[PDB]
Protein chains: 4
Amino acid sequence: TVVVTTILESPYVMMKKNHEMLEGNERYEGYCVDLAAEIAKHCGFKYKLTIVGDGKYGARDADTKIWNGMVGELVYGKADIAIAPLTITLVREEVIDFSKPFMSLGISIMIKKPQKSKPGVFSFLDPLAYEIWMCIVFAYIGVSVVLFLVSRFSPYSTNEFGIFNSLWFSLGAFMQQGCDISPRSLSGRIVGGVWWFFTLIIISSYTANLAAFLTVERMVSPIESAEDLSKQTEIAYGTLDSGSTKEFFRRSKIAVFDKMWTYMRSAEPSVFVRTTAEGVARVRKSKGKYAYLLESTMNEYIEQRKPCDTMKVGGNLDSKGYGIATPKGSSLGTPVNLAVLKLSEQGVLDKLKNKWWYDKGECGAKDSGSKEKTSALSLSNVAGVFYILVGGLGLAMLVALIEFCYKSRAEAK
Amino acid sequence: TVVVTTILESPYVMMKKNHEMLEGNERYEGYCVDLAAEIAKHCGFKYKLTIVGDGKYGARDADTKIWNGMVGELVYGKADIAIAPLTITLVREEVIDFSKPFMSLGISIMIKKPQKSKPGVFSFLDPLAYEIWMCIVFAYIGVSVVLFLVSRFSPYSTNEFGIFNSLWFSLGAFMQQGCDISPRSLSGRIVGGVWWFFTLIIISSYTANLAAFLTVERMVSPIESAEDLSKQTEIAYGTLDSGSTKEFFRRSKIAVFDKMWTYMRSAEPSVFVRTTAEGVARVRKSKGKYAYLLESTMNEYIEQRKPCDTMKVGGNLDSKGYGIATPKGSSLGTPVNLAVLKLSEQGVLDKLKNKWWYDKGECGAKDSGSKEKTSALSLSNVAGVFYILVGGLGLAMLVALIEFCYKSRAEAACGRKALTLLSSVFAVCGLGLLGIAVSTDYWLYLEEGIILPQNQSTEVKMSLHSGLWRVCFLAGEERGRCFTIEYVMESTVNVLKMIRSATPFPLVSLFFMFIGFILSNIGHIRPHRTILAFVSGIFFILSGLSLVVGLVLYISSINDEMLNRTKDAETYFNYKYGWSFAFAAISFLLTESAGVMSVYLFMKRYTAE
Amino acid sequence: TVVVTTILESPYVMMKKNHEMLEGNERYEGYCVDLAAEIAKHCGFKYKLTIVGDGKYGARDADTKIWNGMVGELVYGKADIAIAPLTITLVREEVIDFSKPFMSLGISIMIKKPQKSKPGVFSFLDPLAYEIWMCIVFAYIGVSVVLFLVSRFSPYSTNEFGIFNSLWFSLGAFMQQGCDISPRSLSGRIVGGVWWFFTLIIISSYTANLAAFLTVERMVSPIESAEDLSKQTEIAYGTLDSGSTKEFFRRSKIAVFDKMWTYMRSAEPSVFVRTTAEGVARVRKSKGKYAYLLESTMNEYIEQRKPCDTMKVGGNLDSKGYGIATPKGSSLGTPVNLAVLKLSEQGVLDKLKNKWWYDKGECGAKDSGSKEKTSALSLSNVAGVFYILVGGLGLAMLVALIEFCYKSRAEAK
Amino acid sequence: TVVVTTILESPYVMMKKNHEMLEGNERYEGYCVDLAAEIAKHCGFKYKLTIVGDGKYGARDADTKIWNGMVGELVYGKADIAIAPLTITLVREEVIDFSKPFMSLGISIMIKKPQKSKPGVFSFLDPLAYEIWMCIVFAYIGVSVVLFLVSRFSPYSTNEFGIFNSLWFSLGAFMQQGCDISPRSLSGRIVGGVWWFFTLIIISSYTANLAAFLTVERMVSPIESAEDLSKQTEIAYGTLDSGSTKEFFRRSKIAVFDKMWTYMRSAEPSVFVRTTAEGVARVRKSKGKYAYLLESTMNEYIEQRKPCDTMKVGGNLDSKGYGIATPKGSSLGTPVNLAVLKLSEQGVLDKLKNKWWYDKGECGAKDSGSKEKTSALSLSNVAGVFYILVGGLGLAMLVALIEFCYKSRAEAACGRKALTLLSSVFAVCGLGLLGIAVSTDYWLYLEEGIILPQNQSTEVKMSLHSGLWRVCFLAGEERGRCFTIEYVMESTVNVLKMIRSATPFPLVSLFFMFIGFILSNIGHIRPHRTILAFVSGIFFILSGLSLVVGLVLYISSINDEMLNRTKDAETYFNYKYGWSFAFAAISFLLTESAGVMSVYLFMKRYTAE
């Protein structure tokens, strides 16, 4: 009767563990297998599934114009019905008829799930912004100068506040340490009064936000909704060859899409890859270097199956449709055409969409909820404080030598 | 000639600077109007534009289902061809003809993009309450004076703690920055000891509650995944009605979408809005209380127009399409259908799709420069700490100039005469302002009332000022009761019983200045045998310590009754201290200062002996 | 045909806002109204709802044996069918027949939702337990004694460490303050070394947990699962009279239930109350003093309708059933009996249970999620630190007087 | 005579101390056995007990539905009356006769009641890592020696910073408790300045991460409401099969219950357990990884028996009933049915229901004394801080006794001779132990492997020790490669490239002691013109500072590669430092100490000049 030309892709058609055990036509299962079984029995015919294992979705090729895989069986007439995740396009439509779309999808960007970032060397000063650390050092100099200028005028023979000691008094006040010298005037002690109140807020502010950083973790979304793709050029975009995602970016006319296809041709080495499962694996080996653009409902499934290290970003960048491919003027097409619309209008198809993607198990708020213990700080989190310390240790020894020069040139005294 | 129907929706159809001056189809301008000329010339028919009367897209009711909108204009024979952002759905597919889609689109949430409220300049002191900072300074004055009275006792040697030193020790101890010297006496170490235990808890409490603010601020997550939009009833969400967004969520078979239509049906008031511009405006007014569901292409254009206060969250919830539509039986429809694809195969659809969208870059790319995700404090957080620091330096220069002038004149009897009279003035003003304050019944205000949400702000229901002896009721039902606390009249009377818990301590403080000033009167007549002045000064110092206990008893007895209200969002609350509270707080300053001066009166006059 | 004797209780039967506007028999609505409409139409008859407004559920009374309310209409035959939230019991069964239960419930304890507690005067020392604050003071004395005994033996004429100063050195080290004296021996400085490391952990530990208290709020469940009821005797239990919850505790035989009925009779003044809505209001005026035991599915509804200040605690303490009451040897009972079981076996009844309680709106994780801003500390939260301070201020003045006694008795020197 | 069938379930049917010795129906004992005698005497029939062969309650399969269990014993005519905790359901109601319920009950979750793990005695230092506390002490030694070399320079007056003072200043500065004196020199203020900035960050980092521990500990909520049980896949939940709990969740119409049966059907392995005792035992073994669904009455009895490690959470999910059952057509059933109600109307049901339940109070009411909800720290949290405090005091007394003896002998040439030789021994041991360490390739261990969940613990897959110059591979596939880092062979090789990033700093440190000891050899021959000894001591002090940079470069380059692993729970990891890491760390201590002694060699011998 009918010969089903299709490919197995999770979760459309899958290979059951009952391969050698269960014989017959129920050895392969999936969302596409039920909808093929629904479309055949409401029409009346019965299915002969066979998967040509070349793997190519297929487009009309360059310089030879050969339909590669499932389309090649469907064009040359060696199979009759094609229930498969196959895209309806213009060059696809002209050779052979199509049904109405299963669901609505788009070209979807797939990346590695963001992790804990590499802690920077100077990442300890993250709780306070750049303008505050400048205004702390600027006010450090300013309060020291005002304390210096105050202490000169007022004797009430030992004025212990030089400009060098006034820097030292305010520095020890900033670092919560005790200083031996104290101001001995009403005009001086007000400077010590407001500067001590300056430190008590800021040091508590640094402790508060650093507690806020370690308690609540917030990971960056590196590339968002394809305008951030257009500017960031450290990542390598990736798509599948012999398919619709190849030819649509070849058909780029939007300026943001024209930026892509220039880089998609001019790149190294992944101009294209050959399997979505290879593309899933290439993302998981990338660790942020590479992204693989693919079908949206394919992208949604891999994020729900639980290695959990993949993330769909933004939204769809196109609109495409999965329809039952049929020969041009099919023996079965118009009965399939109404019965595809019949399953949609009573929500059996959307129930099948609810069925297959939900039952596989989820990776959502369940692991983000209570699979965290907050880690101890590593050496990397506070590494630069050691470098400033030992860098201060070497710089102190350098000024020790320049002191020996100026002390010895007391010579000819 | 043909008829072209449109809906007045930005940016597809726009108005003109010559809204009434200009002629013909050139009355309007827009993406669809430019698209309609493209459909016209390639096919070969002149077009006359028309407008739908109602301004709604298309509605199918449980009814005779005459579509109220552009569709019924298009079906029943008023109009010929529609050039509009009409959504292609299967319900509309069976009743009219659609071409291939000329644009790709989806449902997208538009929320109010959160304007950062730059906080108060003095927002650093928000972890503590303003009553606490009042009680810290009241404790700072008291510990300095008590350490003065401990140190400067009558047989005391080499005890350097004057009042200027005792003020400087407690300020150094409170800031944890060390100090010059330590008290070399057993009672001096006790007052230093409890103050060290005081400053340990308060700074640790301030650091911990400031950590409590910043963790709760980071735990707040903006709603973007549309499951957060479904589960958060604090943000209300509605759609444009008589369209396709209302149709999509109605017959949906996604469980999160099912709860959305369940919410949007049974919501009150009717969240459905008949036009997009008012639906944008409800997001603007609500300040993030309301959200709006619409197409993605409309959401992007409203974003890049410049109020720049609306952002798109999440992604396309589905992928529908826009298509030029003709009724069943139109001979023009198949020449229309290939003409749309003809404009597709040269990008003339996509050239116009770029043109109106890039040209409105009037927003200045606010999204480009304001999404660097940063949770560090800004200078707007700790601004007043710099402002106190600047105000301290300019004050200290002002003290430096007056000290420079006063020292030159002094180096180029007065102490005894002026200080005796000035402490005498401070004693009467201290006793009098508290005696007014206990008599006055304007201690605390309350304004219980009920909130009002939208087009609607607030409504008071009850008000009373209050006193320590007796209540005196206010403009709630205009009942002028000075009704005693023993005489009842709820939670507000429960406050009034708890106000009575702090009754004796001001009356105890009133007695100690009363014995304080009268013993001050005795030494003013006869200066000799000078013991009584030092005794009287102790009664001044111990008086203010009781009033510190009096205020701390009073304020804590208000704050728990504030907390004791069952927290309903609809019943707002107000409370405020009064002039007599200021009369008592000022009387604390005059009483302790007269306590210091009367010891200096003893120090000068024991030398006179 | 049939006359429905029942009472309106939310959400069983409710009064619609379309009272004067909508006439006919749809002026009252609810879960019980649908199930009455389901049981009547599958049997064939049509309903005449009328609510005898006396309010009593009714039991066979003391000393007169009168069936009070809905049972009185059902016993004396002035009404025929009774679709109502009525409990099936022995004395109920003997006079008139009953159907199979709607749902399964129990006697359920209802309390005020716990709030922020009153902060204690000495609640500042909550982050560290009782054993630590003893071991801090015990080690405060111990390290001071060891520092005292060390400094006596080693000159390398001015031994500045007395027992009084050694207490003062370790106290200033505990309070993060700077002390003027310093140890001047290797045996002494080790004592200052480990004591300084003692304070740095503990003061940071106090700051860390007090931040943990203010960030995460955790409110006590005061009384849990009816054994904590049996021991706590500051709360007043409450039930409704003229009903099943009255008579079941009268039928107490379990020892934990025998504790209840002694207190339920011997109390003041709420031995019983007269309305569940009065009992809901009495809990909301109680603020923790009083609890109202009631029907479980009634208790579940009030917690979902949103004043939100009620909480069901623990679990059910009994099992009871809501059935359609029928006359003894009813004209309709056995057709009702099968059709009650018919609605249960195909889950229409459980769908009606899903319908009415869910649609009213919820008060769950939605307000606990993001309707919190953490408050500023009040004066009450740190109140006792002021009392210890001013209590230290008065105690310092007392030792100032006892110093004057011992100084003046240097007399006869 | 009649036949009575039972299931061996606690506490309803129990065994006997005479398991085989005693005779008849008295072979067993229990609540149902005592209930069966009550049914016997009031009706008037003698009873013979029997046991079901399988031990399952009752199963209805999609099958011929012969009930496999006590029901099929009761239906088909093997047994007459059942006295058992059989649940009354509508499926069982149509096939046999049930009396009125004699007990009320519900489904209740039993989880493992969490045993508190009393933490490590030194668990206070858990916010930082043990590499950090190693680097703090390494920085503490270095800053003290550098401040010594800065202060004790050759023309220096009155500079009191000896090495015993410089050790005491940095310890006072690190603990933020103030200090005795401050460095009165410009280079001395620099080394004090960066150390003050060091101790500011580390203490604030320790306080913040300790706050991070206690907030995350409080955010963990135990699963009790059964919606948390449904949504948390980390705790697996299953039921007793062939009963009524399996039947109830199967055909349920509650949406949270629907996901439960969806989970319990498709779970792997089969969570259904054929007996309750093994179903209790799976909760015991899993240590809170597994949960069990059962009746409330069985859950309470297992709780009050004393392992006391199982608690009940939530409430009764429904309210089913237990009833004495007879088949259809039993003449005894209506005399049975009124006899159950006869025992109800005297509480004889309820008297027996009290009796077995109060008598097993062997648990000692663990729930009564362990649910005072308390989140304060215990002494078990900060225990080692007391233990360090106790160990410090006993050490200080030990220093006090030896100082008392040494001072008496000394008060009742030696410095120059001993210190010169001891620094010479320390120099060779410092250079030699590092030279072994650079040569040795046992720096760091790794054990990559895969976990195993249950009846199953761990399995290694790969192992390698490693060196700075070259790797030397280990028992992963038994391949003895001392394969150089330039020669590749994944994430573990990515570690090996990052180990090479810290290569020069130990080799730089190896050169500086090599120039250090040789310049030390020159002064040993000729003491005169003593400048070179002070120069050589600087090369010792600067050598250890480079090795501090060498270790900090090395340790940070390991920790990020630890973090760089994609975190899979199934692939566990191990890492550990080696003997050569200890050889380098010990060599730091000898190098800085010889740096101090060679300055003292200069201080003594400049006095000799």
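Residues numbered from 1 in each chain as written, not as in the entry; some residues may be left out. Chains lettered and ligands numbered in written order. Heavy atoms only, no water.

1. Section: the UniProt feature "transmembrane region" in chain A
All names here are of chain A.
Here's step 1: According to UniProt, the positions carrying the feature "transmembrane region" are residues 130-150, 186-206 and 382-402.
Here's step 2: Counting secondary structure, residues 130-150 comes out at 100% helix and 0% strand; the distance between its end C-alpha atoms is 30 Å.
Here's step 3: When the span residues 382-402 is considered, its composition is 95% helix and 0% strand, and the gap between its end C-alpha atoms is 31 Å. (UniProt positions renumbered as here; feature names shortened; annotations may be inferred. Helix = DSSP H or I, 4+ residues; strand = E, 2+ residues; numbered from the N terminus.)

2. Re the pattern of salt bridges
Here's step 1: For the structure on display, the rule yields 46 salt bridges over all chains.
Here's step 2: Put simply, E411 of chain C and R409 of chain C hold a salt bridge, and the shortest N to O gap is 3.0 Å. Per residue, the accessibility class of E411 of chain C equals that of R409 of chain C, and both read exposed.
Here's step 3: Here the residues in one salt-bridge network are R305, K306, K360 and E362 of chain B, joined through shared partners. (Salt bridge = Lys/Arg side-chain N within 4 Å of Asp/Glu carboxyl O. Buried < 20%, exposed > 50% of the residue type's maximum accessible area, 1.4 Å probe, protein only.)

3. Focus: the arrangement of the chains
Here's step 1: At no point do chain A and chain C touch; the closest pair of C-alpha atoms across them sits 7 Å apart.
Here's step 2: With no contact formed, the shortest span from any C-alpha in chain B to any C-alpha in chain D equals 7 Å. (Contact = heavy atoms within 4.5 Å.)

4. Considering the sheet that holds strand 16 (residues 472-473) of chain D
All names here are of chain D.
Here's step 1: As summarised here, the arrangement of the 4 strands in space is 16-15-12-17, forming an open sheet in which the pairing is antiparallel. At either margin of the open sheet sits one strand with a lone partner, and together these are strand 16 and strand 17 (575-577).
Here's step 2: By the bridge criterion, 3 bridges tie strand 12 (residues 444-446) to strand 17 in an arrangement that is antiparallel. Bridging from a neighbouring strand, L444 pairs with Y577 of strand 17. (Pairing = 2+ DSSP bridges.)

5. Here we look at the nonpolar core
Here's step 1: Formed by 260 residues in total, the largest nonpolar core has its most connected members in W195 of chain A, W195 and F198 of chain B, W195 of chain C together with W195 and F198 of chain D.
Here's step 2: Beyond its immediate sequence surroundings of up to four residues, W195 of chain D is in contact with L389 of chain A together with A139, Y140, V143, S170, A173 and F174 of chain D.
Here's step 3: Among the nonpolar cores identified, the runner-up in size contains 65 residues, and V4, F249, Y290 and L293 of chain B belong to it. (Core = buried A, V, L, I, M, F, W, Y, C linked by side-chain atoms within 4.5 Å.)

6. Looking at the UniProt feature "disulfide bond" in chain B
Residues and elements named next belong to chain B.
Here's step 1: Of the UniProt disulfides, the one joining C308 and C363 is intact in these coordinates, the sulfur pair sitting 2.0 Å apart. Pair noted here: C308 is in the loop between helix 11 (296-304) and strand 9 (310-313) and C363 is in the loop between helix 13 (348-359) and helix 14 (366-369), with a separation of 55 residues, a long-range link.
Here's step 2: Its relative accessible area of 11% is what places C308 among the buried residues. (Disulfide = S-S within 2.5 Å.)

7. What to know about the state of the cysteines
Here's step 1: Counting across every chain of the model gives 6 disulfides over all chains.
Here's step 2: The disulfide that involves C308 of chain C links it to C363 of chain C, with 2.0 Å between the sulfurs. A torsion of 130° about the S-S bond marks the disulfide between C308 of chain C and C363 of chain C as right-handed. Of the two residues, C308 of chain C sits in the loop between helix 11 (296-304) and strand 9 (310-312) while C363 of chain C sits in the loop between helix 13 (348-359) and helix 14 (365-370), which places them 55 residues apart along the sequence.
Here's step 3: Since its relative accessible area comes to 23%, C308 of chain C is described here as partly exposed.
Here's step 4: Regarding the disulfides, chain B carries the connectivity 1-2, 3-4 under sequence-order numbering of its bonded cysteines.
Here's step 5: Unpaired in this structure, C32 of chain B has its nearest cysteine sulfur neighbour in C43 of chain B, at a distance of 16 Å.

8. Some words on the packing of aromatic side chains
For any two aromatic rings, the description comes down to two numbers: the centre-to-centre distance and the angle of the planes.
Here's step 1: Across all of its chains, the model carries 96 aromatic pairs over all chains by this definition.
Here's step 2: Judged by centre distance (6.3 Å) and plane angle (45°), the rings of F169 of chain A and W196 of chain A are tilted. Placement of the pair is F169 of chain A in helix 5 (residues 163-174) and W196 of chain A in helix 6 (residues 186-215), with a sequence separation of 27 residues.
Here's step 3: Aromatic ring contacts, followed pair by pair, group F197 of chain A together with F122, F124, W133 and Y206 of chain B into a single cluster.
Here's step 4: Lying across the ring of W168 of chain C, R189 of chain B places its NZ or CZ 5.1 Å from the centre.
Here's step 5: One cation-aromatic arrangement involves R481 of chain B over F483 of chain B; the distance from NZ or CZ to the ring centre is 5.8 Å. (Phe/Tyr/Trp six-rings, centres within 6.5 Å; stacked < 30°, edge-to-face > 60°. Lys NZ or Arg CZ within 6 Å of the ring centre and 35° of its normal.)

9. Structural notes on empty space enclosed by the protein
Here's step 1: Of the volumes computed, that of the largest cavity is approximately 450 Å³.
Here's step 2: As for the largest cavity, its lining consists of 20 residues, of which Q176 and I203 of chain A, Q176 and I203 of chain B together with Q176 of chain D are closest to the centre.
Here's step 3: Counting residues per element, the ones that place at least two in the lining of the largest cavity are helix 6 of chain A, helix 6 (186-219) of chain B, helix 6 (186-215) of chain C together with helix 6 (186-219) of chain D.
Here's step 4: Partitioned by chemical class, the residues of the lining of the largest cavity number 8 nonpolar, 12 polar and no charged. (1 Å grid on protein atoms, 1.4 Å probe; cavity = no way out; pocket = protein on both sides within 12 Å on 5 of 7 lines; lining within 4 Å. Points joined across faces, edges and corners; volume = space filled by probe spheres on them. Nonpolar A, V, L, I, M, F, W, Y, C, P; charged D, E, K, R; others polar.)

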